[PDB]
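> In PDB author numbering, the protein residues as written are 4 to 125, 127 to 261.
Handing you a structure now.
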Ligand SMILES: O=C(O)c1cc(O)ccc1O
Ligand SMILES: O=C(O)c1cc(O)ccc1O
Ligand SMILES: [Zn+2]
């Protein structure tokens with residue numbers, strides 16, 4: 004099945020998922036000079052005070068922090084979005100080295116990692133119906149650079165030893181995703197896709213300009229995770245990023261002047 008290796012990585016995905024070569028694939032490179040400020044963007048609203056985390060799962064590709072999305076509780080709205088999108092999970096992509104790891108790039112610059120907070124449009129009832137729609141999802145993308153530690157990430161780092169291998173999960177209640185956000189909500193936005201199979205073209209991407217800093221020790225613990233299952237040969241979970249895809253007939257808009 005699919006993965007990030009030589010024989011099952013991003014260059015092979017198109018054979019099972021032809022949309023890999025579609026008209027609005029993600030990630031992309033963000034050319035900061037070509038992005039245009041958009042005065043029609045409404046203020047972005049990230050409302051995570053009642054977020055209710057449940058569980059953290061190693062899915063053999065990344066790890067997901069999963070949320071209870073059964074009530075109206077952790078929502079993203081405003082900016083380019085019409086209506087209200089509800090948080091369902093977050094996950095990361097990261098490298099084997101600090102020089103690479105992010106999926107989006109900024110003027111071809113790769114950050115050490117990238118955080119994706121995934122939300123579905125509540127007009128569609130749940131995530132499964134949302135991913136049948138061109139505006140079903142919104143992903144808030146946040147770059148990570150290596151420098152000072154991010155204190156709000158440490159509860160994630162410390163639980164990773166308990167989910168080292170594919171299929172393992174752990175209770176992960178009361179985690180506050182507000183502690184993962186940078187100061188500024190300045191962002192770039194464009195229409196694109198999920199960045200793993202099935203690569204569905206449902207996503208309004210909102211990529212924050214300001215990275216968060218995490219420590220070298222925090223990212224090193226991400227790289228101790230495994231893609232393999234328990235009792236299988238070790239294949240460290242590193243370089244679980246898809247490279248930038250063709251922009252095609254898209255424009256990237258900036259929320260800032
Ligand atoms: O993601 C995978 O399944 C994978 C498998 C490999 O054999 C080597 C690197 C990988 O990232
Ligand atoms: O971001 C992704 O690639 C993604 C893929 C899925 O199949 C489900 C949720 C996701 O967020
Ligand atoms: Zn992702």
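For each residue, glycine too, the CB sits at the ideal point set by N, CA and C.
Can you tell which of 67, 192 and 171 has the C-alpha that lies nearest to the C-alpha of residue 234?
Closest option to residue 234, Cα to Cα, is 171.
> Shortest alpha-carbon distance to residue 61 belongs to which of 167, 211, 31 and 81?
Of the candidates 167, 211, 31 and 81, the one whose C-alpha sits nearest the C-alpha of residue 61 is 167.
> Beta-carbon within less than 7 Å of residue 169's beta-carbon, same chain only, minus the 5 sequence neighbours each way: which residues are those?
Closer than 7 Å at the Cβ level, and outside the excluded window around residue 169, lie 61, 230, 232, 233 and 234.
> Name, in chain order, the residues that DSSP records as bridge partners for residue 117.
Paired residue(s): 96 and 147.
> Just verifying my parser: in three-state terms, what is the DSSP assignment at residue 195?
In this structure, residue 195 counts as strand in the three-state DSSP scheme.
> Helix, strand or coil, according to DSSP, for residue 169 in the structure here?
Looking at residue 169 - three-state DSSP - the assignment turns out to be coil, as it is neither helix nor strand.
> Under the rule that 16 or more other beta-carbon atoms within 10 Å means buried, what is residue 117, buried or exposed?
So residue 117 counts as buried.
> Leaving out the 5 sequence neighbours to the left and right, which residues in its chain are closer than 8 Å to residue 4 when beta-carbon positions are compared?
So the qualifying residues of the chain are 11.
> By the 10 Å Cβ neighbour count, where 16 or more other Cβ atoms means buried, how is residue 182 classified, buried or exposed?
That one is exposed.
> If you reduce the DSSP assignment to three classes, tell me which class residue 221 lands in.
Three-state DSSP puts residue 221 in a helix.
> Skipping 5 residues on each side, what residues in its chain have a beta carbon closer than 6 Å to that of residue 254?
Answer for residue 254: 194, listed in chain order.
> To the nearest angstrom, report how far apart residue 24 and residue 108 are at their CA atoms.
Cα to Cα, residue 24 sits roughly 19 Å from residue 108.
> State the DSSP-derived secondary structure class of residue 210, mapped to helix, strand or coil.
Strand, per DSSP.
> Closer than 5 Å is what we want: which residues have a beta carbon that near any heavy atom of ligand 2? List them in chain order.
So the residues near ligand 2 by this Cβ test are 121, 198, 199 and 200.
> Who does residue 123 pair with in a DSSP beta bridge?
Its beta-bridge partners are 89 and 141.
> Indicate, with yes or no, if ligand 1 has a heavy atom lying under 7 Å from the CB of residue 243.
Yes, the Cβ of residue 243 comes within 7 Å of a heavy atom of ligand 1.
> What are the start and end residues of the beta strand (DSSP E) that includes residue 81?
Element bounds for residue 81: 78–81.
> Report the residue from 72, 44, 96 and 76 whose alpha carbon sits nearest the alpha carbon of residue 84.
The residue with the shortest Cα to Cα distance from residue 84 is 44.
> Which whole-angstrom value is the C-beta distance of residue 177 and residue 90, which I expect to be below 8 Å?
No, residue 177 and residue 90 are not in contact; Cβ-Cβ is about 15 Å, not under 8 Å.
> Between residue 217 and the rest of its own chain, which residues show a CB-CB distance below 7 Å, the 5 nearest in sequence each way excluded?
Hits under 7 Å: 149, 151, 152 and 154.
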